[PDB]
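# A structural walkthrough
Each chain is listed here by its residues.
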Amino acid sequence: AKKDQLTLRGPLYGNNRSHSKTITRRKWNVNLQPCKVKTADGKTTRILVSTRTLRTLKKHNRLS
Amino acid sequence: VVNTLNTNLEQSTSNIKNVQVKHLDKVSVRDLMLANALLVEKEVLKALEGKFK
Amino acid sequence: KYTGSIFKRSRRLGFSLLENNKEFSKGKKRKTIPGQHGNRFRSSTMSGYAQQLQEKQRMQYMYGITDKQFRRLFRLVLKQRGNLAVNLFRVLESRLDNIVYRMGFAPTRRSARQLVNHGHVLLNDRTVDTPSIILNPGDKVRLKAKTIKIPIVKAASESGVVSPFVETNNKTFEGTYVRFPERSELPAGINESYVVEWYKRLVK
Amino acid sequence: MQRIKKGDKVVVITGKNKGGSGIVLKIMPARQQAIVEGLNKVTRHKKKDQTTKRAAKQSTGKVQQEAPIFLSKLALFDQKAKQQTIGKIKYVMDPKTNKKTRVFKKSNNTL
RNA sequence: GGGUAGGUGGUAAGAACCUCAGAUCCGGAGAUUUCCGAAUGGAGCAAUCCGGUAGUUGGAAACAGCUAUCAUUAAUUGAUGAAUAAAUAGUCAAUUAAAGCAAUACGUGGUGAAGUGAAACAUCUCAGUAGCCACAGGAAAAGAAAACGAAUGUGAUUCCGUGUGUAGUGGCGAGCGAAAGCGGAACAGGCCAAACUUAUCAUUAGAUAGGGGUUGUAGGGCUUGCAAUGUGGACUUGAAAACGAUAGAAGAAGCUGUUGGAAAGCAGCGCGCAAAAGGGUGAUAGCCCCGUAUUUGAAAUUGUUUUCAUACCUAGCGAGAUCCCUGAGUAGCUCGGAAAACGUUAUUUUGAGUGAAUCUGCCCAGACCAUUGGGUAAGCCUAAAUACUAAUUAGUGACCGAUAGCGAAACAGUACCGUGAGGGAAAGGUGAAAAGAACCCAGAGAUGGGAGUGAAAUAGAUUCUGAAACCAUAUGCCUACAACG
RNA sequence: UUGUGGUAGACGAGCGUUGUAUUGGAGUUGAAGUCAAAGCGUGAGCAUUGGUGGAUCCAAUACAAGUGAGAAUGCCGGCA
RNA sequence: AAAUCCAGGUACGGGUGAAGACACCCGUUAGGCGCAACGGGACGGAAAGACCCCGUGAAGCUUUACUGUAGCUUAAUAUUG
Ligand SMILES: [Mg+2]
Ligand SMILES: [Mg+2]
Ligand SMILES: [Mg+2]
Ligand SMILES: [Mg+2]
Ligand SMILES: [Mg+2]
Ligand SMILES: [Mg+2]
Ligand SMILES: [Mg+2]
Ligand SMILES: [Mg+2]
Ligand SMILES: [Mg+2]
Ligand SMILES: [Mg+2]
Ligand SMILES: [Mg+2]
Ligand SMILES: [Mg+2]
Ligand SMILES: [Mg+2]
Ligand SMILES: [Mg+2]
Ligand SMILES: [Mg+2]
Ligand SMILES: [Mg+2]
Ligand SMILES: [Mg+2]
Ligand SMILES: [Mg+2]
Ligand SMILES: [Mg+2]
Ligand SMILES: [Mg+2]
Ligand SMILES: [Mg+2]
Ligand SMILES: [Mg+2]
Ligand SMILES: [Mg+2]
Ligand SMILES: [Mg+2]
Ligand SMILES: [Mg+2]
Ligand SMILES: [Mg+2]
Ligand SMILES: [Mg+2]
Ligand SMILES: [Mg+2]
Ligand SMILES: [Mg+2]
Ligand SMILES: [Mg+2]
Ligand SMILES: [Mg+2]
Ligand SMILES: [Mg+2]
Ligand SMILES: [Mg+2]
Ligand SMILES: [Mg+2]
């Protein structure tokens, strides 16, 4: 599914309000961008993660 | 009409579908005027005046 | 929803946030939890009332009461004549199982209560199953014969041990009293009267 | 135990037959009836059927048999007493054999 | 174990047996449990087909019997091992769990309309309802203040009444509608991270396993003393006792006469009651029977509570130092949405982006600032009151009484309809007892008329009572020159 | 004394069905049901007798309603 | 068997009438009841008119009617040196 692999945070369903307040259901998708990290002997394994998690990995020295 | 819930009296008058025994806080208008006859205890009567106030 | 592999993600980070929140190290604390909660008390600085609360707890435990029942009994005794500091003591000590424990046919007050609930207990103008009836100073409590048919008997001995505010003859199973317990027979475990004022604030 | 058993003398206390003494030959507990010899004589109109070795003859005319009677209408008959009378029974247990035994309540006669 | 003298399940008679060395029957505990079905050795058109492996018995072998085992995924462990040295991917083996179903009912979460109303309609309502899906549990959810809110105030959550159809919110239209406070049901608060310290990891630890700690009238750690050996739990194992649940035992009291087929009705004279609830017995029985009130009883399984011991947690008040720790892609902010009564806004939440501080700190008191005051976010667990009844036991009905009551009183989700999903009926009563009509006559027979049983046969299996419409027969009157609601 | 035609409609007074609560009463010497007849009422309605029928029913005062059928190309069953 | 059927014992002429009568008014004619025929009438039967109108009805279709939207395209921003 279109979801992160580190966390379980997925899409967010909501309303598409326009002028005249017409209601149409829409979906916000998370920015799943590929990322490589070093775990278990630094073994890089591409993992589709959200940019938010990408920032977290970068600050946590993990992303190297 | 009984104030102290005697047990010997309650053991009897239970196989008699006709007669019945009740406490002062249990009798109502209908039970009173269905009686056509009633035997009232003296201390029940003293409590009666107290309840009326 | 796939091969979540908690090892894969947990080790993937080794600290992170989700990792540490879940950190399997998660012990049991399954004895820490119970006991400390159990029941506490002490007195503080800002409210004073701390003493009242602790004393209330002690008194309720001495007789095995729920706070709601206590509020009911205080409401009952509150209205009458005046400085009723002699009435509520009799009210708190008029419990049937309380009388059964001071009567001496049970090892402990709650055990006596269990007996009462199990239908051991015979009264005068009535009988008894509920362990909460308020008894009158001069009332009899003839013990059953079935209980004696189960000789554990060890009890009868306690009966004589007694406390002066209870007059019960051993083996013969009978009891009544007069001169309701004075404060001497209500020992210093709980002997104060500002718990009364605590309930006056909390209960109208 | 049971009020009526197979064998003891019994009489009828209600119906067309009054004071009919007899011996119970069989008891159906489920429908609560009792076959007593000499009482409730019914006469089935015996037809003729021939489909078996015994049915080849099956000689049956006006055979009179026994009709079942409700156990409520039955009452035990006393024998030990010099003056026999109809009464009700108890279920005393004598410690001599520790076995339940029927005893009448208007006398002291066993069974 | 209880309990007896009958039993071999119903339409069901007969034949043949069993049973007093204690049968059938009731209760507790076990044994066996074909095939399909989550189905799981492989397949497949369900109740079928085709096997592998390791044993063991016959055969001279193929083979055939008799056993056990053989699915997938996830976790742990071990062995083996690519591109490519090492190492992984991968492969194999062992152990432990998961699959599914149902209670036409309750819970949580995700998703989520339309008919309709607004007398049209798009904002709005309907409605976060129906439906779809995921996960449970015996309840679930929630939960211990970065809170309410305006005070010399209350002090987890949940549920009920009121506050009130109030403040408010609404093409300010249709409509929607709290949060405080007050009265009640129940009541319980707990535990980690970090400091500091111990031991070990090529100790590059930034990791593992322990001691220490759990906060707001700030708490804890650092150093230094006094008082403590207790009280209490949401608590483990045992032992004992009590109250029950799953079969049961005992359990009082009536005769006579009359109508009647039959008495229990009616009448006379009695009797018992902690039993006058009910059912049956040829009509309407307190005393005919079974029962009921009441007193009792468990070998075995199981529930609740209590007692004792036993593990495991749990403890106060000071002094000094002025040092350290208190949860970060977090709280805020911007851009689009939403939750709350609110149609987006102080508070809560988040898809994208950015991004702080560290008790003289941070958040809140409906924009915002200052003063005052309240509270300690970014970690976890939490009984009780609360929601519901497919099922087990007891019971009740100014509830229904075969067109009613569940669709289904009978063998009803059946017959039947449709490829299928699906749709879906009608139908009860002889008599106290079959004593269910032997026999005679007519007829080919069914059947009918007698006979017989029965109180009744015009109660006869067409089987309680038998209405009208409808069809025939007949006593009496009228009617074939007569225009007719 | 003045009145009494009447649809929509307003108001008032009553009848009838079933059950419940209190009183009393009838019933295998025959209740309900059901059919017939030459009765009584201002109206809904109410009796008497006889046949059939085989076990419940009636009167008074109150109470509660699935309480009143001629029509809906009404539903079901039967019969023209 | 079938649709049909308010109960019928169901004439004609002129007139009348909700405006075209088996049934009303005034006259005329006609014994009771069938059978075989043919269709004049019973505004005959079957189908709650499809034409027309009405309803602040439904549905399908169309467009520079309104309000939106899938898709396509452009820019900012993150991945992004
Ligand atoms: Mg909408
Ligand atoms: Mg046995
Ligand atoms: Mg709409
Ligand atoms: Mg509308
Ligand atoms: Mg409308
Ligand atoms: Mg929970
Ligand atoms: Mg018992
Ligand atoms: Mg018995
Ligand atoms: Mg008896
Ligand atoms: Mg009876
Ligand atoms: Mg804020
Ligand atoms: Mg909303
Ligand atoms: Mg502060
Ligand atoms: Mg904090
Ligand atoms: Mg039905
Ligand atoms: Mg019917
Ligand atoms: Mg079929
Ligand atoms: Mg005949
Ligand atoms: Mg017939
Ligand atoms: Mg009939
Ligand atoms: Mg003539
Ligand atoms: Mg003529
Ligand atoms: Mg004429
Ligand atoms: Mg008038
Ligand atoms: Mg009536
Ligand atoms: Mg009659
Ligand atoms: Mg009706
Ligand atoms: Mg026909
Ligand atoms: Mg004209
Ligand atoms: Mg036509
Ligand atoms: Mg029309
Ligand atoms: Mg329109
Ligand atoms: Mg419309
Ligand atoms: Mg682009």
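The numbering shown runs from 1 along each chain in the order of its written sequence and may not match that of the entry; residues for which no coordinates exist are omitted. Whichever chain is written first becomes A and whichever ligand is written first becomes 1, with later ones labelled in order. What is shown is a subset of a larger assembly, and the numbers refer only to that subset. To get the side-chain values, all heavy atoms of the structure are used, and hydrogens and water are removed first.

### With respect to a nonpolar patch on the surface
Using the following cut-off: Each patch is built from salt-bridge-free residues with over 30% relative accessible area, joining like charges within 9 Å and nonpolar side chains (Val, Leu, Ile, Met, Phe, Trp, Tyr) within 5 Å. We get accessible surface area from the Shrake-Rupley algorithm with a probe of 1.4 Å; when it comes to residues, only the shown protein chains can shield them. We define a salt bridge as a side-chain nitrogen of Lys or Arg found within 4 Å of a carboxyl oxygen belonging to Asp or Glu. Numbered from the N terminus, helices here are DSSP runs of H or I no shorter than four residues, and strands are runs of E no shorter than two.
Taken together, the side chains of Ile 150, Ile 152 and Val 153 of chain C make up a nonpolar region of the molecular surface, amounting to roughly 310 Å² of accessible area. Mapped onto the elements of the fold, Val 153 of chain C is located in the loop between α9 (146-149) and α10 (154-161).

### Concerning the interface of chain C and chain A
Stated formally: Any pair of residues with heavy atoms lying within 4.5 Å of one another is described as a contacting pair. Two parts placed together each lose some accessible area under a 1.4 Å probe, and adding up what both lose gives the buried area. Pairing of N or O atoms within 3.5 Å defines a polar contact, subject to two protein rules: one partner must be a possible hydrogen donor and the other a possible acceptor, and residues neighboring in sequence count only if both atoms are side-chain atoms.
Facing nine residues of chain C, the contacting portion of chain A comprises eleven residues. When chain C packs against chain A, close to 930 Å² is buried across both sides, 62% of that on carbon and sulfur atoms. Among the residues of chain C in contact with chain A, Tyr 2, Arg 12 and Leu 13 of chain C are the three that bury the most area, contributing 52% of the side total. The interface formed by chain C and chain A includes zero salt bridges. Here chain C is connected to chain A by four residue pairs in polar contact. The leading source of residues in the side of chain C that touches chain A is helix α1 (residues 6-13) of chain C, at four residues.

### Describing the protein's contact with RNA strand E
Quick note on the threshold: In this text, near means that some heavy atom of the residue lies within 4 Å of the molecule or strand in question. Side-chain classes are defined by residue name, with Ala, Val, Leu, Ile, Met, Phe, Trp, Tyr, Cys and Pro counting as nonpolar, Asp, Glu, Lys and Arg as charged, and the others, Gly among them, as polar.
Within the structure, RNA strand E sits among 87 residues, and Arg 9 and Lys 43 of chain A together with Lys 68, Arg 110 and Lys 146 of chain C are positioned closest to it. Taking all atoms of RNA strand E within 4 Å of the protein, the share assigned to sugar and phosphate is 74%. For RNA strand E, a sugar or linking oxygen lies 2.9 Å from a polar atom in the backbone of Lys 46 of chain D. Looking at the surface near RNA strand E, the elements with two or more residues in it are β1 (12-15), β2 (25-28) and α1 (51-59) of chain A together with α3 (32-38), α5 (67-78) and α8 (109-117) of chain C. Broken down by class, the residue content of the surface near RNA strand E amounts to 17 nonpolar, 37 polar and 33 charged.

### Side note on the packing of α5 of chain C against helix α11 (residues 194-202) of chain C
Residue and element names in this part refer to chain C. As a reminder, the rule being used: Orientation is described by axes fitted as lines to C-alpha atoms, over the contacting stretch for helices, and by angles from 0 to 180 degrees between their N-to-C directions. Angular relationships are summarised with four words: roughly parallel below 35 degrees, roughly antiparallel beyond 145, roughly perpendicular across 65 to 115, and oblique for the angles in between.
Running from amino to carboxyl end, α5 crosses α11 at an angle of 95°, the nearest separation of the two axes being 11 Å. One element, α5, and the other, α11, form an angle in the roughly perpendicular class. Contacts between α5 and α11 involve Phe 70, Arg 71 and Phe 74 on the former and, on the latter, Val 196, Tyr 199, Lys 200 and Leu 202. Its residues assigned to classes, the contact of α5 with α11 comprises five nonpolar, no polar and two charged.

### What to know about the arrangement of the chains
Comparison of the two pairs of chains in contact shows the highest number of contacts for chains A and C. Of all C-alpha pairs spanning chain B and chain D, none lies closer than 24 Å, and the two are not in contact.

### Section: the pattern of salt bridges
A side chain with one charge may pair with a side chain of the opposite charge, provided their charged atoms come close. Note the following rule: Under the scheme applied here, a residue whose accessible area is under 20% of the maximum for its type counts as buried, over 50% as exposed, and between as partly exposed, the area being computed with a 1.4 Å probe on protein chains only.
Summed over all chains, the structure comprises five salt bridges over all chains. Of the charged contacts, one joins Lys 42 of chain B and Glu 43 of chain B as a salt bridge, the two residues approaching to 2.6 Å between their closest N and O atoms. With a relative accessible area of 61%, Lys 42 of chain B lands in the exposed category. A salt bridge links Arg 113 of chain C to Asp 97 of chain C; the nearest nitrogen and oxygen atoms lie 3.3 Å apart. Taken together, the residues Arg 113 of chain C in helix α8 and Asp 97 of chain C in helix α7 (residues 96-103) connect sequence positions 16 residues apart.

### Notes on the environment of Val 203 of chain C
Residue and element names in this part refer to chain C. Looking at where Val 203 falls in the secondary structure, it is placed in the segment after α11. Judged by relative accessible area, which is 10%, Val 203 ranks as buried. Sequence-wise, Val 203 and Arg 72 are 131 residues apart; in three dimensions their C-alpha atoms are separated by 9.1 Å.

### Some remarks on the domain arrangement of chain C
Residues and elements named next belong to chain C. Put simply, the rule is: By convention here, the domain bounds are inherited from an automatic or database domain assignment.
Entries for chain C in the domain assignment read domain 1 (6-91 + 188-198) and domain 2 (92-183). Using only C-alpha atoms to locate each centre, domain 1 and domain 2 end up separated by 30 Å. Its largest share of buried area at the contact with domain 2, domain 1 owes to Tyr 63, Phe 89 and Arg 90, together 50% of the area lost on that side. Across the domain 1-domain 2 interface, the total number found is zero salt bridges. Mapped onto the side of domain 1 that touches domain 2, the elements with two or more residues apiece are α4 (50-63) and α6 (87-92). Broken down by class, the residue content of the side of domain 1 that touches domain 2 amounts to seven nonpolar, three polar and one charged.

### With respect to the packing of α7 of chain C against α8 of chain C
Residues and elements named next belong to chain C. Basically, it comes down to this: It is the rotation of the near helix from the far one that decides the hand of a crossing: anticlockwise by less than a right angle makes it left-handed, clockwise makes it right-handed.
Look at α7 against α8: their axes get within 8 Å of each other, and the N-to-C directions meet at 120°. Taken together, the axes of α7 and α8 are oblique relative to one another. The crossing of α7 and α8 is right-handed. Here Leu 96, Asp 97, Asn 98, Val 100, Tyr 101 and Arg 102 of α7 lie close against α8, whose contacting residues are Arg 109, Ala 112, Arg 113 and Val 116. For the contact of α7 with α8, the residue count by class is five nonpolar, one polar and four charged.

### Let's talk about the sheet that holds strand β1 (residues 9-12) of chain D
Residues and elements named next belong to chain D. The line we're drawing: Pairing between two strands requires that DSSP report at least two bridges joining them.
Strand order in the open sheet formed by five strands is β4-β3-β2-β1-β5, and the pairing between neighbours is antiparallel. A single partner strand is all that each edge strand has here, and the edge strands are β4 (69-70) and β5 (74-76). Pairing of β1 with strand β2 (residues 22-28) involves two bridges; the strand directions are antiparallel. Residue pairing across strands places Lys 9 opposite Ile 23, the latter belonging to β2.

### What to know about the packing of aromatic side chains
Under the convention used in this document: Whether two aromatic rings pair depends on their centres lying within 6.5 Å, for rings of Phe, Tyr and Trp, where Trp uses its six-membered ring; planes under 30 degrees apart make the pair stacked, over 60 edge-to-face, and the rest tilted. Whether a charge lies above a ring is judged from NZ of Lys or CZ of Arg, which has to be within 6 Å of the ring centre and within 35 degrees of the ring normal.
Using the criterion set out here, one finds three aromatic pairs over all chains in the structure. Aromatic side chains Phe 70 of chain C and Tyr 199 of chain C sit 4.8 Å apart centroid to centroid with 15° between the ring planes, which places their arrangement in the stacked category. One end of the pair, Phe 70 of chain C, is in helix α5; the other, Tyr 199 of chain C, is in helix α11, with 129 residues separating them in the sequence. Residues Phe 70 of chain C and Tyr 199 of chain C agree in their burial class; the two are buried. What makes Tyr 199 of chain C buried here is its relative accessible area of 1%. Each residue in the set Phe 70, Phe 74 and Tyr 199 of chain C is aromatic and connected to the rest through ring pairs, giving one cluster. Of note, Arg 26 of chain A hangs over the ring of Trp 28 of chain A, and the distance from its end group to the ring centre comes to 4.1 Å.

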